[PDB]
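Just so you know, the protein sequences line up as chains E and A, in that order. The opening residue of the first sequence carries number 3 in the authors' numbering; numbering runs sequentially from there. The opening residue of the second sequence carries number -2 in the authors' numbering; numbering runs sequentially from there. Beta carbons are placed, not taken as given, at the ideal position from N, Cα and C, and that holds for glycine.
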Amino acid sequence: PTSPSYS
Amino acid sequence: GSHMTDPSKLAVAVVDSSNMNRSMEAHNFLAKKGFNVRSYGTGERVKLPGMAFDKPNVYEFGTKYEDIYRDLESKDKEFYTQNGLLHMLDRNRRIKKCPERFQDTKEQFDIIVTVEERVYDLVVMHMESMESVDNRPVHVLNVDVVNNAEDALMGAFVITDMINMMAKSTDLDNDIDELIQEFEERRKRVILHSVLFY
């Protein structure tokens, strides 16, 4: 998980 | 006074994975409402989204937000502007120098808020691995925050309402169980709670 999520 | 003031003088930490989005939004809000707050991530490394799902921008904890900012700017300034990362990194820079890992901090807290159960577990596991030598209670509380810019801000509001409530207690240790349940019933959110000791 990345911050933020990949969009 | 010139600023709002926490009458309980709680020492608060907010913790996520990369200490980038959710914890920093909460950090900023809590600090503006007058709380003594610090923030951390629990991941092995700082991870931001990239141009492809399998291509994240990964850095070590301790990398200045300013340097990560420069890094993404030179990569593709326009892309990292439109997706919001440069603004996020800019907001972070104004708060502190760099992302910090919770497992490496020596600071102690009265309340530690985590933003998802995976982080909650890492925080609790880390605390338990440490031999307590003061019997100073610390309350770990999990409040789920969805990991995007909009929900991070919403989470900051909710976490702040929670901390504000607990700050009004004149004996948190004996009040907190009941306050958590009241919050859960009124705000319709589950809070995970553990009491650990330094």
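### Query
Would A:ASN25 count as contacting chain E if we go by Cβ distances under 9 Å?
Your numbering for residue 25 of chain A matches position 28 in the second sequence. With 9 Å as the cut-off, A:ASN25 does not count as an interface residue toward chain E.
### Task
Could you please give me the residues that DSSP links to A:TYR37 through a beta bridge?
Stepping through the second sequence from its first residue, residue 37 of chain A is reached at position 40. Looking at the DSSP assignment, A:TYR37 forms a beta bridge with A:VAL12.
### Message
Considering Cα atoms alone, identify which of A:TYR77, A:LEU169, A:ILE92 and A:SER15 is closest to A:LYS29.
### Response
Residue mapping note: residue 29 of chain A aligns to position 32 of the second sequence, counting from 1. Cα-wise, what sits closest to A:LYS29 is A:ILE92.
### Message
Extract the residue ranges of the beta strand (DSSP E) inside the region 20 to 101 of chain A, only unbroken runs of 3 or more that lie entirely within it.
### Response
33 to 38, 43 to 45 and 54 to 56
### Query
In chain order, what residues of the region 13 to 24 of chain A put their CB closer than 9 Å to some CB of chain E?
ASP13, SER14, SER15, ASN16, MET17, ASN18, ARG19, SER20 and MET21
### Task
Please state if the CB of A:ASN80 and the CB of E:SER9 are separated by a distance shorter than 9 Å.
Position 7 of the first sequence, counted from the first residue, corresponds to residue 9 of chain E. Position 83 of the second sequence, counted from the first residue, corresponds to residue 80 of chain A. Cβ distance < 9 Å, so E:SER9 and A:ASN80 count as in contact.
### Task
Give the residues of chain E in contact with A:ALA146, contact being defined as C-beta atoms less than 7 Å apart.
Residue mapping note: residue 146 of chain A aligns to position 149 of the second sequence, counting from 1. Within chain E, the residues near A:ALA146 are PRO6.
### Interface positions of the region 80 to 93 of chain A facing chain E (Cβ-Cβ less than 9 Å), listed along the chain
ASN80, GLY81, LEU82 and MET85
### Query
So is A:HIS24 buried or exposed if we call it buried at 16+ other beta carbons inside 10 Å?
Your numbering for residue 24 of chain A matches position 27 in the second sequence. So A:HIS24 counts as buried.
### Pick from A:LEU69, A:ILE156, A:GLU182 and A:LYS72 that is closest to A:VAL112, judged by C-alpha positions
As a working mapping, residue 112 of chain A is identified with position 115 in the second sequence. Checking every option, the nearest Cα to that of A:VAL112 belongs to A:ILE156.
#### Entry: Coil, strand or helix - A:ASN139 by DSSP
Position 142 of the second sequence, counted from the first residue, corresponds to residue 139 of chain A. Reduced to three states, the DSSP call for A:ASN139 is strand.
### Query
Got a sec, what are the start and stop residues for the beta strand (DSSP E) A:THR111 sits in?
Your numbering for residue 111 of chain A matches position 114 in the second sequence. First-last of the beta strand (DSSP E) with A:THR111: 108 to 111.
### Task
Can you give me the Cβ contacts of A:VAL135 inside the same chain, cut-off strictly under 8 Å, excluding the 5 residues immediately before and after it?
Within the second sequence, numbered from 1, the residue matching residue 135 of chain A stands at position 138. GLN105, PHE106, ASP107, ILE108, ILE109, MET124, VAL192, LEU193, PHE194 and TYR195.
### Query
Nearest chain E C-beta to A:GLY59 closer than 9 Å, yes or no?
If you number the second sequence from 1, residue 59 of chain A lands on position 62. Not an interface residue.
### Query
Hey, A:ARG35 and A:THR102: beta-carbon distance below 9 Å or not?
Taking the first residue of the second sequence as 1, we reach residue 35 of chain A at position 38. Taking the first residue of the second sequence as 1, we reach residue 102 of chain A at position 105. A contact, by the Cβ cut-off of 9 Å.
### Query
By Cβ distance, which residues of its chain are closer than 8 Å to A:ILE65, with the 5 residues on each side in sequence left out?
For the purposes of this step, residue 65 of chain A is taken as the residue at position 68 of the second sequence. Only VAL43, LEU45, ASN54, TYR56 and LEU86 meet the Cβ criterion.
### Task
For A:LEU150, name the three-state secondary structure that DSSP assigns.
On the second sequence, position 153 is the one that residue 150 of chain A refers to. The answer is helix: DSSP assigns A:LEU150 an H, G or I state.
#### Entry: Nearest to A:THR60 (by Cα), restricted to the options A:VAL120, A:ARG90, A:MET151 and A:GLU128
Sequence index remark: in the second sequence, residue 60 of chain A carries index 63 (1-based). The shortest Cα separation from A:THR60 among A:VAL120, A:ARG90, A:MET151 and A:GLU128 belongs to A:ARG90.
### Query
According to the neighbour-count rule (16 or more other Cβ atoms, all chains shown, within 10 Å of its Cβ), is A:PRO4 buried or exposed?
Here residue 4 of chain A is taken as the residue at index 7 of the second sequence, counted from 1. Result: exposed.
### Message
Distance check for A:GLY31 and A:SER(-1), CA to CA, integer angstroms please.
### Response
Your numbering for residue -1 of chain A matches position 2 in the second sequence. Your numbering for residue 31 of chain A matches position 34 in the second sequence. Approximately 10 Å, taken between the alpha carbons.
### Message
To the nearest angstrom, how far is the alpha carbon of A:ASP13 from that of A:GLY47?
### Response
For the purposes of this step, residue 13 of chain A is taken as the residue at position 16 of the second sequence. For the purposes of this step, residue 47 of chain A is taken as the residue at position 50 of the second sequence. The alpha-carbon atoms of A:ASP13 and A:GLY47 are separated by roughly 19 Å.
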